[PDB]
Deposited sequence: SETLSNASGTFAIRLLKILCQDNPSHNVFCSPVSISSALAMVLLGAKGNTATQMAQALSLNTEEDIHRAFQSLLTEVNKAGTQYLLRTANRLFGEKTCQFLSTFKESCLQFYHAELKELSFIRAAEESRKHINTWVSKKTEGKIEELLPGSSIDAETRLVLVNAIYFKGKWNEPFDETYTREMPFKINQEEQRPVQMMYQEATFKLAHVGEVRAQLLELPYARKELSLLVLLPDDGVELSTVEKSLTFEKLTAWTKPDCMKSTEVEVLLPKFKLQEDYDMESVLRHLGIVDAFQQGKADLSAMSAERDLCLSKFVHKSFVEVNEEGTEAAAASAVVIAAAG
């Protein structure tokens, strides 16, 4: 299982990196997979099989184990369903979303108040992300055909186990490519961290733990003449896991220079999910969402992801949210 979700996270990251050349990237694989899994709970046939395989769940056994396993600093996740108030959704579907994701269904009038409904969902996401993710659902992503919106939000804030002293932060050049450099505020500290030199891809891997060391930031930095795209192509979840093992990533006194930075990204996920093989769920006539509703011209009309991260001398704050719009076709 851990390998399933790691494989998904790395594939997601590789696709996003490849689809957004020379652009910052940031996502929450956990948020996206939570939203996609709630759809899976309402899907059948090939619609369901494509989504399970996108999540690296290739057998019925693997699907059941993934969901059953759910049943067992700040870090918080929230899931919610938003359903057209004049529709009914199957009890078994609502029960499964409640049991596995603690998702309740809030009724909205998509048919008569699409814009107020969009604002309500976006306000819910903002609350659950401490204001960091505003306007998850863009204009026209909710309309008279919208019937169900499945939403995940995640929020993290943690202090470093070994924070940087802001005294030693200084502006330095950051090489965005061979011919261009831009200034960054570079944090500095010499301390003992787990650090790997990865000969296979000519890169270094640093671990910076958060307080309690329950969570860590891992930074994969190519050696100074190596293009990051070559590391992206070589990357797999199995390799990344090997490189974090004690034999590769060992405690080392190291001078760390890491930029302070803040990113905000947003994604239309349809092209991503297509690369992972999800096609039927989007297609009028082929989508089978009959485990959510006895209405049976439903399809997946939109899947959006928005994220936020801030890294500075004290720690890290990160948030993300994912929304799936199911509509009547």
Note to self: I have the full deposited sequence and the modelled structure. Can you tell me which residue ranges, counted from 1, have no C-alpha coordinates?
What the structure shows: 1-3, 76-83, 341
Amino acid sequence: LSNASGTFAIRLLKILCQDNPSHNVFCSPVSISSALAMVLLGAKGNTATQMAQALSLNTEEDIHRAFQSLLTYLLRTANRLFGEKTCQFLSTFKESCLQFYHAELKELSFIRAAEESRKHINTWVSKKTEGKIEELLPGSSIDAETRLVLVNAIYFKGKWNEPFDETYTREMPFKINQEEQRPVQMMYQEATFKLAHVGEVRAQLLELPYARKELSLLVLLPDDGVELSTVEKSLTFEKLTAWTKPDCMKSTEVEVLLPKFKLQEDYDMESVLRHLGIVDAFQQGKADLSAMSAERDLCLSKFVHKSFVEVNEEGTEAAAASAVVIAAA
From here on, numbers count along this sequence of modelled residues.
Notebook entry, point to check: Which has higher Cα B-factors on average according to the PDB entry: 177-185 or 248-256?
Noted result: 177-185
Notebook entry, point to check: Is the mean CA B factor in the deposited entry higher across 132-140 or across 224-232?
Noted result: 224-232
Next item on the list: Pick out which of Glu95, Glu190, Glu200, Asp165 has the highest C-alpha B-factor in the PDB entry.
Entry: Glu200
Notebook entry, point to check: According to the deposited entry, which of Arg212, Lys127, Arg80, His120 has the largest Cα B-factor?
Noted result: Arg212
Next item on the list: Select lowest, middle or highest to describe the third in which the CA B-factor of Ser91 falls within its chain in this entry.
Entry: middle
Notebook entry, point to check: Mind checking which third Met51 falls in for C-alpha B-factor across the chain?
Noted result: middle
Check: Which third of the chain holds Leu75 when residues are ordered by C-alpha B factor: lowest, middle or highest?
Finding: middle
Check: Going by what the PDB entry lists, where does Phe303 fall on CA B-factor within its chain: lowest, middle or highest third?
Finding: middle
Checklist line | Assigned third (lowest, middle, highest) for the C-alpha B factor of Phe282 | finding: highest
